[PDB]
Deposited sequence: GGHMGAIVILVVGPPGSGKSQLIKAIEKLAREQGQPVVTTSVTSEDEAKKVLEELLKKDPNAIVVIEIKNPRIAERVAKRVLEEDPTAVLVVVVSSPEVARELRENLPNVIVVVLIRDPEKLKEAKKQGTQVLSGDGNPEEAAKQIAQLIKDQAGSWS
């Protein structure tokens, strides 16, 4: 099918590790292998992606990003390394999400509050899903969105 790459973007305290735990658990239940990596710089991402996303592995790769400022370059690096990867960016801030949407043609999702900033994000194509603070629902919602817009997830 191809690689599904999920960037999970947000500062410490955004729910990333719990969201990632829920995504891994649901994926195991569906018989799909998931691997995770946490990156702090664009080259770290290059290093791990150039090793891992070698031959469009049929796998889910989750990338944890604690520094939202690097998200865009890491997203671009993913596409550079594997132009045949599905890329889903789960972002904590609606403002970051809007900025990433403007700079990429990639699925960008917010589960997370300010109604005005959220509307602005959605206007640039940010997708909103229920399950902020409920990792299990969130994981379910993300998997449904990937199925409907990207493929089986198998």
Walk along the deposited sequence from position 1 and note every stretch that has no C-alpha coordinates. 1 to 3, 116
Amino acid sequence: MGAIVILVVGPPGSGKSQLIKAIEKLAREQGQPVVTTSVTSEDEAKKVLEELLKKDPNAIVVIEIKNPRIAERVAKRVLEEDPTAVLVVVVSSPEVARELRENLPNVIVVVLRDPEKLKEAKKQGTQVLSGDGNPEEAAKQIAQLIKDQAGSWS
From here on, numbers count along this sequence of modelled residues.
Taking the deposited Cα B-factors and averaging over 33 to 41 and over 89 to 97, the higher mean is found in 33 to 41
State which stretch shows the higher mean Cα B factor in the entry: 55 to 63 or 122 to 130. 55 to 63
Please work out which residue in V8, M1, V5, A150 has the highest C-alpha B-factor recorded for this crystal structure. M1
For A71, the third of its chain into which the C-alpha B factor falls: lowest
Ranked C-alpha temperature factor of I108 among modelled chain residues, by third: lowest
